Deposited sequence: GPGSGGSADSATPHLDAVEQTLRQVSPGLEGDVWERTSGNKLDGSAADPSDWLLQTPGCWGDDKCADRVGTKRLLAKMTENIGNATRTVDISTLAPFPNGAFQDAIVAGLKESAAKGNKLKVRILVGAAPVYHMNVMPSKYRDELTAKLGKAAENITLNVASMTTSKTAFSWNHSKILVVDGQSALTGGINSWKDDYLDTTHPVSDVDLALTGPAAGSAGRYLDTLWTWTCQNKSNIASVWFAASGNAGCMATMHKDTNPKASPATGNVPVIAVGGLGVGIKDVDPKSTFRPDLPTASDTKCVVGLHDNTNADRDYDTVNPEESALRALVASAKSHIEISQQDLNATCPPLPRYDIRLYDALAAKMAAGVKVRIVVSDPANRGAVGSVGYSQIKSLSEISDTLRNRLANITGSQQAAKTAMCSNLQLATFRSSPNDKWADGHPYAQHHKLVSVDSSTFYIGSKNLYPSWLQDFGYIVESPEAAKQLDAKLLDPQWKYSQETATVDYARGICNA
């Protein structure tokens, strides 16, 4: 018999086909033959962490931020057909707008005509600020003659006011072949023009999984174009006499995709609330969408995917987030199934590390109490839960140097949406583990070599400096 080399993806895949079989290909998809898109000088700079400093409370070394903008510009400059962007509102500004304009100029100067879609999610509280025909006109102006060659769609959207749903994915796809995604929304959002930068992470790849991200954006733009005349759902603007490009990606880029490397990946996203009510093909049979809406799960496969990734761990789990708990009624406080899966792992002796952003930006007491309570349901007592938790948990707030705050007085903050298991398989994307009902997207990658680079470049230094704040740390017998 043959032994799989991708046991973690196999497990996640099996769950996704149970929960969202009708969404395979569009909202989630497993592909082989990808390449983590790091140069030759640096094999590891597929991992776009920002700011990239460690051990320096002044953050002198901004190599990560410089690299991110160069990669955006470079990837867009190599476009020959299509550029596909999603983020949270506002529309691109500052250094990110500069990288987009420079990339588009670079591609236009090589003789290319491009189709470009720029899609942002707006919170009703934010709406007025986001004006797509204004952004269209500002981008057109900055491009100059290069704008002659750009067919542009620009839109902001809210899929549900009542259930607080809009786009939160942060994606850049060029020619359906290269993709960047992760947690980085804009330069100012992460205070990168600043000496207290926020810590964040994106990944860059090429290959079939880039097509997966284009198909996810086709799913959002199909709904956007269907609703482009409903002023309460969508504000849409286009250049010239262009239409609304619902399926830019299906149309201009094929579906069979040649391999660029040897990395297997599961692309996975969610449709939030108000795009699709249910996956009609699903037979899954498991107001609060996170914990008590079957139909919601079937159209938000990323929630199940992340819980399955946790469940697939045989040895150890590292979680790095802004928080695990939500503070946004009517959203629930936490994902019950997630904490239950973390508890079950600790009850089996699998190690769990949780690093969250400083509450200033206890937060920790809330996490450990809930984990303890879920473990008590499993182990039968509070004393047995404490044994399981204290012996298997690391829980701390994030630090990037031996200083308790940045040198300039402000606390450290982090925006990662990162999960890694068994130094083998990890998620990088925009989906937070705390309850949220937005459209999101990310990649689950199984590669021990890449996961060890993630350890060496991110998770190891992270823990080196964050452990000073730990309220629980089985490796030093701390359990407060």
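Gaps in the model relative to the deposited sequence occur at 1 to 6, 293 to 306, 382 to 393, 513, listed in sequence order.
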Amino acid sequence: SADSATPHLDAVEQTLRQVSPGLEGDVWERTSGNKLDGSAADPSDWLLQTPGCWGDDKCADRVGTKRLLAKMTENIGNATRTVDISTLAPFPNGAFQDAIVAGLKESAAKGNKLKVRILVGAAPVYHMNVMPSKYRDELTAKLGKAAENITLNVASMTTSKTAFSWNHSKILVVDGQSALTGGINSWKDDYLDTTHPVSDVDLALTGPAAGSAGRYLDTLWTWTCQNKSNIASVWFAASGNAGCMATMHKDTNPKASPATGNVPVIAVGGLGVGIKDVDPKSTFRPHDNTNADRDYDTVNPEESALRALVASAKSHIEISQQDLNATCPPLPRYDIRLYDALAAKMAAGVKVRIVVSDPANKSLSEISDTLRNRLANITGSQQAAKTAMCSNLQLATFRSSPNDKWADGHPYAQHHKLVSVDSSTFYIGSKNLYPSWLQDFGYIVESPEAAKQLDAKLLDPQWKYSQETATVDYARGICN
From here on, numbers count along this sequence of modelled residues.
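Mean C-alpha B-factor is higher over 180 to 188 than over the other stretch, the pair under comparison being 337 to 345 and 180 to 188. Averaged over their C-alpha atoms, the temperature factors of 373 to 381 and 312 to 320 are higher for 373 to 381. Of the candidates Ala396, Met131, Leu114, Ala259, the deposited coordinates give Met131 the top C-alpha B factor. The entry lists C-alpha B-factors for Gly38, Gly442, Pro435, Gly33, and the highest of these is at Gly38.
In the deposited entry, the Cα temperature factor of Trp46 places it in the middle third of its chain's modelled residues. Remark: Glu106 belongs to the middle third of its chain, ranked by C-alpha B-factor as recorded. For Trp221, the recorded CA temperature factor ranks within the lowest third of the chain's modelled residues. The PDB entry assigns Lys431 a C-alpha temperature factor belonging to the lowest third of its chain's modelled residues. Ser156: CA B factor lies in the middle third for its chain, per the PDB record.
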